[PDB]
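Chemist: sequence plus experimental coordinates follow:
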There are 2 protein chains.
Amino acid sequence: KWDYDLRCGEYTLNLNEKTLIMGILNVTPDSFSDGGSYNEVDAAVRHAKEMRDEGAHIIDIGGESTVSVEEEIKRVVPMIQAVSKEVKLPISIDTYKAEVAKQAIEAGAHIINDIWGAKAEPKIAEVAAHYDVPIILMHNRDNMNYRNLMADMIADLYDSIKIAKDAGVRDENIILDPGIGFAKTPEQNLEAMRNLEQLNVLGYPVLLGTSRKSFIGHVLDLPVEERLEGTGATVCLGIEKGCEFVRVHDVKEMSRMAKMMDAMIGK
Amino acid sequence: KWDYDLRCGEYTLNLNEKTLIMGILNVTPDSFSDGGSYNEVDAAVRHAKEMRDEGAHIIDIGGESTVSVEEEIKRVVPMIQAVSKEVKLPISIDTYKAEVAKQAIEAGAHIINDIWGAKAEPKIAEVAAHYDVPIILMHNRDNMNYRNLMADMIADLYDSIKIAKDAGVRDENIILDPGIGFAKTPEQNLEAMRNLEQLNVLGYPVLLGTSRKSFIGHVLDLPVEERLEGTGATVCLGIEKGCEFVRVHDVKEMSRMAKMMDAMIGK
Ligand SMILES: Nc1nc2[nH]c(S)nc2c(=O)[nH]1
Ligand SMILES: Nc1nc2[nH]c(S)nc2c(=O)[nH]1
């Protein structure tokens, strides 16, 4: 099915063998500094190790979202260094800022993860190309008047691709993300879930990030820490509909669900 | 989609509104009696109440499987009486024996659940007709030389239908079950999972029972009490492939996964 592997400096991610699990690293900044003091970085490393032991294939590390420019680096850079040295797994870096991206890679990060899909700061894609790292382009926008949910997402993603490619990004460094929970009503989220398979016509691996998001809340009527089951359902449907990757919080539980899906669908 | 509801004496199960959850009632027989003493029956009632509070729509109660004839009744009959009076939900009774079935219904049971799909004791289907209760016909056999897994299951189920119908069972009292974990290699289980949608051409609602079964063990390499995630994956794929019902142990967790699936697929 994919005739190529994801190339990540020292690491090689096979796209045909299993749904790949990306572990969300939660950055808890020290209130008493702006930098990379012992507590934030040691907790980060701790968490990264736990996730590695629970089945994660990629550690995702993001500094601002939920900022400054200077601050993003000073807080993101020491964590990539430590997790890099102490955990043997590719790291993605979760930013839409070109500078931030750059520094992150030089610090050891391997994948770029841009929630603005290169629309943010198109320069990001040039960085992407320059280091030859895979870049995840997520669907997003600053409004939500849609002619047609699906047709628009596909158009939009495609607009991100154009930017990536016109910067020198190879098809094989491009991954897409439908951006569930961004720029969509709870209803539009469910519809996208229900039609995720349409992203495949674009020809690129797909990552899904629905972990504990708000729309799961809406359906189950349940707070952020009670969304394991709801997340799991979104994960399963995503694998059945063709996801190469899922970005989750609860790595132990989702690896098990992913691996059971993989066996059943025959990946 | 279904133009009719499941009719269950006092209760009415809608087939279009949600995936219906059937709760497996675990019968722990007192070692010191053969009948319906306080401990077995009170535990049973307790369990049934917990499952009702966690989202179950049907309580499944089975006495021998994992016997005598006389003993099955003496042990199954007092439980149907109590759970009936104390829990306001339809009960299915889990037996392949005509006598047992009969007595169970007279004791308040509403659905018959036959793991031998009327091949066991064809007379069961006559009971079924006589009381006009829905009867679940599960795929099973006493060997596992298959010409073609799927084509054979469909043929076999159909052979059960013939028996049901020739006893007077109305199409609307017929439910089918692919019998995962029965008469199939771990591999054949996965294949059936992967093609469950084929049972729909038969025109009848489908129930899936994969809760904590052995093939989940095989895939995850994990014991019976560590199969929540694996079960969940089988549940999700089943709802996506068209299940009207799932028979599970972990009712809280699966209701949540079912309800998230239902919202996404738009049931
Ligand atoms: N790729 C990706 N990155 C994310 N960062 C946040 S926050 N949410 C997401 C997401 O859903 N997908
Ligand atoms: N309908 C149904 N009944 C069952 N009884 C047992 S044990 N296992 C099952 C099952 O998988 N399905």
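Modeler: It's in. Numbering: from 1, shown residues only, chains lettered A, B, ... in the order given. Ligands and ions are numbered 1, 2, ... in the order given.

Chemist: which residue packs closest to whichever residue of the stretch 101-250 of chain A sits closest to ligand 2, ignoring adjacent ones?
Modeler: Going by C-beta to the nearest ligand atom, ligand 2 is nearest to residue A:236 of the stretch 101-250 of chain A, at 19.4 Å. Yep, even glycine has a C-beta here, placed from its N, CA and C like the rest. Setting aside the residues directly before and after it, residue A:236 is nearest to residue B:236 in space (C-beta to C-beta, 6 or more residues apart in numbering or on different chains), at 3.6 Å.

Chemist: what does the helix or strand containing the one you found rub up against?
Modeler: Following DSSP states H and E, one finds residue B:236 within helix B:228-240. Applying C-beta atoms under 8 Å, 6 or more residues apart in numbering or on different chains, the contact partners of helix B:228-240 are A:229, A:232-233, A:236-237, A:240, A:253, A:256-257, A:260-261, A:264-265, B:19, B:180, B:193, B:196, B:208, B:210-212, B:216-217, B:219-220, B:222, B:246, B:248-250, B:253-254, B:257-258, B:261-262, B:265, B:267.

Chemist: so how do I select the buried members of those in ChimeraX?
Modeler: Here is the ChimeraX command that selects the buried residues among the contacts of helix B:228-240 (16 or more other C-beta atoms under 10 Å in any protein chain shown):
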select /A:229,232,233,236,237,240,253,256,257,260,261,264,265 /B:19,180,193,196,208,210,211,212,216,217,219,220,222,246,248,249,250,253,254,257,258,261,262,265,267
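
Chemist: what about the contacts of helix B:228-240, which are in strands?
Modeler: Among the contacts of helix B:228-240, the residues falling in strands (DSSP state E) are B:208, B:246, B:248.

Chemist: and the gap between the residue nearest to residue A:209 when sequence neighbours are not counted and residue A:175?
Modeler: Among residues not flanking residue A:209 along the chain, residue A:247 sits closest, at 3.9 Å (C-beta to C-beta, 6+ apart). Distance of residue A:247 to residue A:175, given as C-beta to C-beta, to the nearest Å: 11 Å.

Chemist: what segments of the stretch 1-150 of chain A are strands?
Modeler: Assigned by DSSP state E, counting those that start in this stretch, the stretch 1-150 of chain A shows strands spanning A:6-8, A:11-13, A:20-25, A:58-61, A:91-94, A:111-114, A:135-138.

Chemist: ok, which of the ones you listed comes nearest ligand 2?
Modeler: Closest of these to ligand 2 is strand A:20-25, at 29.4 Å (criterion: C-beta to the nearest ligand atom).

Chemist: mind listing what that closest one pairs with, with the direction of each?
Modeler: Applying DSSP bridges to the sheet, strand A:20-25 is found paired with strand A:58-61 (parallel), strand A:245-248 (parallel).

Chemist: which residues touch the last one?
Modeler: This points to strand A:245-248. Contacts of strand A:245-248 (C-beta under 8 Å, 6+ apart): A:19-24, A:58, A:60, A:175, A:205-211, A:231, A:235, A:238-239, A:254, A:258.

Chemist: re earlier: what sits in contact with each of residue A:247 and residue A:175?
Modeler: If you check residue A:247 and residue A:175 against C-beta under 8 Å, 6+ apart, the residues they both contact are residue A:207.

Chemist: show me what residue of the stretch 151-267 of chain A gets nearest to ligand 2.
Modeler: For the stretch 151-267 of chain A, C-beta to the nearest ligand atom, closest residue to ligand 2: residue A:264, 15.8 Å.

Chemist: brilliant, that's me finished.
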